[PDB]
Amino acid sequence: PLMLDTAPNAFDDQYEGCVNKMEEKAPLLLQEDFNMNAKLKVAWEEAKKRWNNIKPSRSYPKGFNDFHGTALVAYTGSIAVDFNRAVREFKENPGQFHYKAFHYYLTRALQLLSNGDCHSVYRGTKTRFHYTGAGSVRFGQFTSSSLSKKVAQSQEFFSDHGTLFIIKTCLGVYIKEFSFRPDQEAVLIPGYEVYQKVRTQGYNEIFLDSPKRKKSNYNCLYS
Ligand SMILES: NC(=O)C1=CN([C@@H]2O[C@H](COP(=O)(O)OP(=O)(O)OC[C@H]3O[C@@H](n4cnc5c(N)ncnc54)[C@H](O)[C@@H]3O)[C@@H](O)[C@H]2O)C=CC1
């Protein structure tokens, strides 16, 4: 069973007041991440190819470059697990975080694609989540969900040993056009969104409501 709280030790940078400095420094940072993260380099190289094929079909927000595009495509890939893990356990040993550029770009991609729009999404897991009554909740790590409750429940993401999150998000972004899917109608939620209303139903259902955007514990850490 995993703990569901405010994610106090999760790298949650929102980059307030430093996107310009990051867009300039992130390119070098990505290289540094690569030199010490083979899996990421490979994951990224593959995502870049897919991105090239996706890019022509639609137009993107002003400032949405290939880094943003590639990062988002990669996330819907297999690099997602190790990346969320690295973010979730950041405070532990913050010296071994080789997703400095990656985190920024994915974070920026969602902000550039973000609107005021709120959605009703669902997320399934095969690992039981226990709300530890902090008062509110944040996923910490980026979290993917689906507009389809049926998808979140499919044997692909959920099981009796797990949990089904019923979430109302307002920072979440519809990334169908980016995923390798795109039938899972995925909505990517930043780990820094705060749910002021938490409710547990039965042993495997958790409702997250009253989404709000509050400051993060980290800000422009690598700017
Ligand atoms: N889960 C869903 O309902 C949906 C998933 N997807 C896609 O499926 C693929 C996999 O997504 P996920 O299953 O969400 O993988 P994910 O990266 O969230 O899974 C991370 C894993 O690490 C562990 N973990 C997660 N949070 C933790 C925490 N707070 N504390 C301790 N351990 C934790 C668990 O084993 C968890 O399954 C991605 O491409 C995702 O976008 C798309 C639509 C819906």
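Sequence positions, counted from 1, serve as the residue numbers for this chain. We count ligands from 1, going down the list as the structure has it; atoms in each ligand are counted the same way. The basis for the numbers below is simple: all heavy atoms, side chains too, and nothing from hydrogens, waters or symmetry mates.
The closest side-chain donor-acceptor pair between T169 and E193 falls under 3.5 angstrom. For the 3.5 Å distance criterion, the side chains of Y99 and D82 qualify, holding a donor opposite an acceptor.
Under the 6.0 Å cut-off for aromatic ring centres, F142 and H103 qualify, their centroids lying closer than that.
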Quick one: table the atom pairs, ligand 1 N or O against protein N or O, below 3.5 Å, distance rounded to 0.1 Å.
from     : atom 1 : to   : atom 2 : distance (Å)
ligand 1 : 1 (N)  : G124 : O      : 3.2
ligand 1 : 3 (O)  : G124 : N      : 3.1
ligand 1 : 14 (O) : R123 : NH1    : 2.6
ligand 1 : 14 (O) : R123 : NH2    : 3.3
ligand 1 : 17 (O) : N84  : ND2    : 2.5
ligand 1 : 18 (O) : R123 : NH2    : 2.9
ligand 1 : 22 (O) : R88  : NH2    : 3.2
ligand 1 : 24 (N) : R88  : NH2    : 3.3
ligand 1 : 26 (N) : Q141 : NE2    : 3.3
ligand 1 : 41 (O) : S144 : OG     : 2.9

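Grouped by direct or indirect side-chain proximity (heavy atoms under 4.5 Å, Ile/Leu/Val/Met/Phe/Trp/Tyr only), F165 sits with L2, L4, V121, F129, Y131, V137, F139, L147, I167, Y174, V187, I189, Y195, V198, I206, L208.
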For residues 43-50, which side-chain N or O atoms pair as donor and acceptor with protein atoms under 3.5 Å away, sequence neighbours left out?
from : atom 1 : to  : atom 2 : distance (Å)
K48  : NZ     : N52 : OD1    : 2.6

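Pairs engaging residues 62-79 under the side-chain hydrogen bond (donor to acceptor under 3.5 Å, both in side chains) rule: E23-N65, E23-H68, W51-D66, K55-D66, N65-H68, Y75-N84 [sequence neighbours left out].
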